[PDB]
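Colleague: Return a 3D structure for these sequence lines:
(2 chains, ligands or ions: 2)
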Number of protein chains: 2
Amino acid sequence: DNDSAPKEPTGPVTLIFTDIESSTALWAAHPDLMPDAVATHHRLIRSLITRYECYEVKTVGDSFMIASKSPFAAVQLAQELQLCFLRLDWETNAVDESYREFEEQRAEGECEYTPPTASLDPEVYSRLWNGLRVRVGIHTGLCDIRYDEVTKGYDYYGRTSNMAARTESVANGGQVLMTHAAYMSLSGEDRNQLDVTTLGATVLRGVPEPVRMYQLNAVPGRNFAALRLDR
Amino acid sequence: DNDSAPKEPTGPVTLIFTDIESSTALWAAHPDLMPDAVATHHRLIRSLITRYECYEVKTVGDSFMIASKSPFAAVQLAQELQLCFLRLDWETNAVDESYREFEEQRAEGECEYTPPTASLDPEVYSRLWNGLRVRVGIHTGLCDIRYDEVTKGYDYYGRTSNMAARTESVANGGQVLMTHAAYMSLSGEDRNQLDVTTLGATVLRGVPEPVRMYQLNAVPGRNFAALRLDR
Ligand SMILES: [Mg+2]
Ligand SMILES: [Mg+2]
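Modeller: Residues are numbered from 1 along each chain as shown, chains lettered A, B, ... in the order given. Ligands and ions are numbered 1, 2, ... in the order given. Shown next is the protein structure:
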């Protein structure tokens, strides 16, 4: 179960961090829907991990940490993740109703913030949003690779892992962010097969210099709030 | 792996959407049976796709999206799907017990709804129901065909694809629905080789006018609940 894990300290690793947007609030509002929805979320993501020969490093709550020996496979996985979650019949509209409510609640209490999906017409909304919203951050770089003798698993520490994590932290639900390093790790040909939007320099907590962010338009037409920067 | 994919924008495409009825609830009730049952489900469906020269567009959870250059091949596939799933020894009666429980749970809490299979005598039930219940929707029409350079795959977008998807969404487990367009895409001779029941005009979400629905009686004798319309 470790053949897909990047094992060479000299080989750059592409890390993908994911998290379910507003899962805490969803758990509170839908204790009856979340166990199943999250279980589905895990199954979908694990199928993608296998399909793109990536490696599941760990799961923390509903967050996934995935490693890939290939920058492109990581990007494909992230794109397919958004599409798969959008296309799946979640058997409930309650999650979407809650997401729209959260935007509305946030809008009234924050000046300079507008709901990115709650203002869409019903039919338009369902063509772009459906079910759990997963934020995804992707970064590529050399990592300090650690092997666990007891689990036979591999973990990745260092600034590279922290960079991937903070990139995910600023992404909104349904958004896929790639750092300049990840984006440029892809070959020129690979980049041209993708629909990407430059977001520009972004300030990440604990990172000295601004990081140029690239939005992978996995579900063309989606709008997002400003990045979840600290203050 | 794309020769069976409809590739001409002027050529009508027949799309088949499938999904496992109550898979979420089954996963919750049988985490020990579902991985294998779903794996079997995928193998059976993929054998049929190959047998009827159809094309697997994509898989979303346990849902299949299949395209066919031939309306009749699509209908044969759907009919054989129901029969194959019925005849297979799933090596468990747990799935059927759960399906019967779900009907009973739904009956007590809904006025005007009666269990379509939980009231069958044991021997009668097993002649008509066994294992995973797959809902199937079929529609024929011109599609916006998209080619993917990276996967070499073909996808189908537009109202035609959405129509096929919504047709599947209203079908019950073990039921095969064909829109008037799909049904009439078959030759007169082909239609006479089939056992079909007219269900009449049906309201589909996001569709302006009612759609006449036709039930392909793949397993004669089955009863179904009212169509899964929205409210
Ligand atoms: Mg979380
Ligand atoms: Mg499903």
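Colleague: Does the most centrally placed residue in chain A belong to a helix, a strand or coil?
Modeller: The centroid of chain A falls nearest to residue A:136 when counting by C-alpha atoms, centre = their mean (1.1 Å). Following DSSP: H, G, I helix; E, B strand; the rest coil, residue A:136 is assigned to strand.
Colleague: Return the residues in contact with the nearest residue to it once chain neighbours are set aside.
Modeller: Counting by C-beta to C-beta, 6 or more residues apart in numbering or on different chains, residue A:136 lies nearest to residue A:176, which is 4.4 Å off, once chain neighbours are set aside. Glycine gets a C-beta too; all of them are placed from N, C-alpha and C. Going by C-beta atoms under 8 Å, 6 or more residues apart in numbering or on different chains, residue A:176 touches A:78, A:79, A:81, A:82, A:136, A:137, A:138, A:215, A:216, A:218.
Colleague: again, 7 Å this time
Modeller: A:78, A:79, A:82, A:136, A:138, A:215, A:216, A:218 (C-beta atoms under 7 Å, 6 or more residues apart in numbering or on different chains).
Colleague: thinking residue A:213 is in contact with residue A:196, fair?
Modeller: No - look at residue A:213 against residue A:196 with C-beta atoms under 7 Å: they stay out of range, at 10.4 Å.
Colleague: chain center to stretch A:206-221: distance?
Modeller: Computed by C-alpha atoms, centre = their mean, to the nearest Å, the chain-centroid distance of stretch A:206-221 equals 11 Å.
Colleague: rewinding a little: which of the contacts of residue A:176 lies closest to ligand 1?
Modeller: The nearest member of the contacts of residue A:176 to ligand 1, counting by C-beta to the ion, is residue A:136 at 12.7 Å.
Colleague: re the thing from before, may I see the contacts of residue A:176 arranged in a markdown table, with distance to residue B:222 as well?
Modeller: A markdown table is the format used below for the contacts of residue A:176 (distance: C-beta to C-beta, whole Å):
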| residue | distance to residue B:222 |
| --- | --- |
| A:78 | 42 |
| A:79 | 39 |
| A:82 | 37 |
| A:136 | 43 |
| A:138 | 47 |
| A:215 | 48 |
| A:216 | 45 |
| A:218 | 39 |
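Colleague: What about these, which are in strands?
Modeller: A:136, A:138, A:215, A:216 (DSSP state E).
Colleague: mind listing what the spatially closest residue to residue A:6 that is not a sequence neighbour touches?
Modeller: Take residue A:6 and drop its neighbours on the chain: the residue closest to it by C-beta to C-beta, 6+ apart is residue A:13, 4.3 Å away. Neighbour list for residue A:13: A:6, A:67, A:143, A:156, A:160 [criterion: C-beta under 7 Å, 6+ apart].
Colleague: give me every residue that touches the residue lying closest to residue A:147 once chain neighbours are set aside.
Modeller: In space, residue A:147 comes closest to residue A:154 once its chain neighbours are excluded; the distance is 5.7 Å by C-beta to C-beta, 6+ apart. Residues in contact with residue A:154 (C-beta under 7 Å, 6+ apart) are A:2, A:5, A:7, A:145, A:146, A:147.
Colleague: Which phi and psi values does the residue nearest to residue A:136 adopt?
Modeller: Residue A:176 adopts backbone torsions of phi -120, psi 120, taken as degrees, to the nearest 10.
Colleague: Could you write out the alpha-carbon coordinates of whatever helix or strand residue A:127 lives in in PDB?
Modeller: Taking DSSP states H and E as the criterion, residue A:127 maps to helix A:122-128. Extracted in PDB, the C-alpha atoms of helix A:122-128 (Å, rounded to 0.1, in the frame of the first residue of the first chain):
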ATOM      1  CA  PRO A 122     -31.800  28.200  -8.900                       C
ATOM      2  CA  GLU A 123     -31.100  26.400 -12.200                       C
ATOM      3  CA  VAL A 124     -27.800  28.200 -12.700                       C
ATOM      4  CA  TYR A 125     -26.700  27.300  -9.100                       C
ATOM      5  CA  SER A 126     -27.300  23.600  -9.600                       C
ATOM      6  CA  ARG A 127     -25.200  23.500 -12.800                       C
ATOM      7  CA  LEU A 128     -22.200  24.700 -10.700                       C
END
